[PDB]
Each structure stands twice: as structure tokens, then as C-alpha cells.
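Undergrad: Here's a structure for you.
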Ligand SMILES: COc1cccc(OC)c1-c1cc(C(=O)N[C@]2(C(=O)O)[C@@H]3C[C@H]4C[C@H](C[C@@H]2C4)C3)nn1-c1ccnc2cc(Cl)ccc12
């Protein structure tokens, strides 16, 4: 009896947040206009999946909560509500299945037949086609009007178990399993081709669409499998009989919980990957040298102080690749000049390494740590003397570089200069050293 309240509270909560959630999602994707066509066509399929979820929450859930609340009470929705409850529930399972299949085809064609896709696909055609999806869904659901009926009050099948075993089997085959098999094959083949095509506005959309499709396909199996499993049992199939009763109950809730959380989830997940893509784009743009792309991303709201798995900020990559323009703009939008990575390298280490003179100047001008030492004990002057960048050694020494600094290997930059046959560079450190001796006295 106590559980009834607990289930009610949970079931009511799922209803209000589920209806409003899917409603907001429906109204949002409606207003939403994207320049990339596929972005739109993806959102059309995401609309009809939110509609399918909303219908089930408005029409089906309330009937269940009554069936749960009033156990073994008369069916109080008439023969119309009886036949209709299963029509809508069957009409939505088809709609969802045809959407995830239609979406996966459009996204397969995009990647694997682009110059066949360009000549076939359009926002208008997708919109007109998603109508056909809901028609087919309604026509495929018509048989459930005749299978279910009212008797003595129970909304129970009004047809033989033989004829009923057929429809349940035909339902589960192409409202599930067929879509699952088609979605996973097409999305796999496409995703493999996509990761190869990497090894532009349209190309961005594809990576988004493939993520979306893998997210909805995983969300589709977790929700509808225990349900369709439960259905499949009726067709084929004690003390555990009462224990297998819990599965039936658990499978219903799952369809509802999923349908209610998916909007709250998708939006939560979209935000994270939305920024994760911006940050990933900035790092690529910085290292590549697309000074244009960087400008756009920083305005968009990309994190100036992003990092790699290694701990390479954009300023590390720009300084390393020697993109003075990108270095200048990164510092302009408040990049950490003294930022460290795993090995403990600052940008000034990398600009002294590759030997970009003016970047070394800019980093120091914007307050770079001149003596900054890494894990191995190495400093920027070690690296300039190592590669023999005489001009960089000059400015480093000029900006208060420690000519004496030794590493873990017990080698100073003076030694490294000699050890690389850099006769000129070595001569400058000797001069610099004896000057430091005289001020020390
Ligand atoms: C022989 O059936 C099973 C055997 C083993 C496990 C089962 O479910 C966990 C089932 C099963 C499936 C359905 C099952 O899927 N009913 C429906 C439903 O979804 O509500 C009903 C009946 C038809 C038309 C329509 C849609 C389908 C199939 C309404 N109902 N159902 C059950 C039938 C009879 N007694 C059961 C007792 C227990 Cl403890 C659990 C399940 C039972």
C-alpha cells in the first residue's frame, strides 16, 4: 500500500517533467534554424522522437497509473479507451523505429554517397517524408484496434492466441530488431568511413549527426529492449513466476522514465560536447596555423586555456609551430604565458626549441618565466644553446637568463653549446658568465 504512493509520486513526477521537457524540445527545434542542411534534417528526426515520447506520456502513462493505483478494478476508459490505448502505444513504437532508420540512412548516404546524397536530399523532402513515417505508423497500428477489446471489466485480447502471436511477432520484428540491425550496420559503415575521411561546415555537421545517431540508437535499445523482450516472452512462454512478474512492471516504467529524462539528458550531454568540440577545434586551429579559425572560436566562447592529454595549451602549439599571429591573439584573450604541461614545459621552452625569435620576444614581453625549469631540470637557455639559436640566447640572457643553471644530467647551457659544436653560441655564454662574475665580485 505504502509503495503505491511512492510509485504515484515517481509516476506523477515523470509526467510533469516529461511532458514539459519534450514540449520545450519540440518548440526549441522548431524555431532553431541552421545554415548546414543536415543539421536541420537531423533536428526534424529529433523532433518526431520527442513527439513520440510526449504522446506516450500524455495518453498512455495516465491509463497505467490508474491500472497501478486501482488493481483488479473495472476498466474505466470504455471499449474506445481500451482499443485506443494500444493503438497509440503501437503507433509510437513504429514512428520511433522508422525515424531512427530514416535518420541512419540520410546520415549513411551523406558520408558514403555524398554526390548521390546532394542530388537526392533536401529539408523539404525530409519534412514531407517524416509525415509518411507518421502515416505508416498510424496504418501499422490499425490492427491493434481489432486485437484488444473489453470483457467481463478487462481490456483483454478479443482474438485467438495464434492470430495474436503473429501481430506481436510482426510488431517486434520491424518496430525493433530490424531498425536496431539496420541502424547499427549503416552507422558503423558510415562512422568507419568518417574517421578515415578525417585521415568543412558540412563535415562539422556529419561528426555531430553521427554522435546524435549513436546516442539515440543506444537510448532506443536500453528503453525498448526489456519491453520488446517482455512482449517476445508472451509469444513463446512456479516460484519464480511471481519474480518474473517484476520484469513486466519494470519494463513499462523504463519506457516512461527514459521518455521523461531523455530531454533533460540530451540537453545536458549536448552542452558538454558542444564546448568539448569548440576546445578541440581551437587546439587543432592553433597547431595547424588557421589564424582565421582561431579568431572565430575565441569570439564563439572557446576556452583560451584549453589543454591536451599531454597538457599542451593552444599557446604551447602556436609557439611550437611558430604561428606568431596566433601567439599574439591568444595572449590578447588572456592565455597563461607561464602555463605548464606533463613534462613541465612552458610556451617559452617550445619557442626557444624550434627557435622562433619574435615569439620568444612576445612571450617575455607578456611576462614569460625566463629561468622556468621542467621536470628533467632543463630551461629555455639550455634549448637555444642546444639547437644553437645565437639571437635567442642574446635576448634570453638580456631578459635575465641564468647562464649557470644545470639540469638533472649535470650539464649547463655552456656545456650543451660545446657538445653540439656551436662555436659562436658557446663564445657568448663565456662572455656573459665572466660579466656575472664581476658584478658578483
Ligand atoms: C506468457 O507471457 C509471459 C511469459 C513470461 C514473461 C512475461 O512477461 C514478463 C509474459 C508476458 C508478456 C505479456 C505482455 O506483453 N502483455 C501485453 C502487455 O504488454 O501488456 C498485453 C497482452 C498482449 C497484448 C498487449 C501487449 C502485450 C501482449 C497487452 N504478458 N505476459 C504475462 C502473461 C500472463 N501472465 C503473466 C504473469 C507475469 Cl508475473 C508476468 C507476465 C505475464
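Each position is counted from 1, following the chain as shown.
Recorded method for this deposit: X-ray crystallography, 2.6 Å.
Including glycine, each Cβ sits where the backbone N, Cα and C put it.
If you look up Swiss-Prot, you'll see 82-155 marked as disulfide bond. Swiss-Prot lists 126-146, 212-233 with the feature transmembrane segment.
Residues or ranges marked as linker by the PDB entry: 269-277.
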Undergrad: Starting from the Cβ of residue 82 (disulfide bond), draw a 10 Å sphere and report how many other Cβ atoms land inside it.
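TA: A 10 Å sphere around the Cβ of residue 82 (disulfide bond) contains 22 other Cβ atoms.
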Undergrad: Going along the chain, which residues at least six beyond the ends of the transmembrane segment (212-233) come within the CB cut-off of under 8 Å?
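TA: Cβ under 8 Å, 6 or more out: 42, 46, 49, 93, 96, 100, 103-104, 107, 168, 171-172, 175-177, 179-180, 183-184, 187, 191, 247-248, 250-252, 254-255, 258-259, 262, 265-266, 269.
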Undergrad: Counting by DSSP secondary structure, give me helix, strand and coil numbers for the linker (269-277).
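TA: With helix first, then strand, then coil, the linker (269-277) has 9 helix, 0 strand, 0 coil.
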Undergrad: Just to be sure I understand the break: residue 237 and residue 238 bracket 6 unmodelled residues, and I want the straight-line distance between their C-alpha atoms in Å.
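TA: Cα to Cα, the distance spanning the unmodelled stretch is 13 Å.
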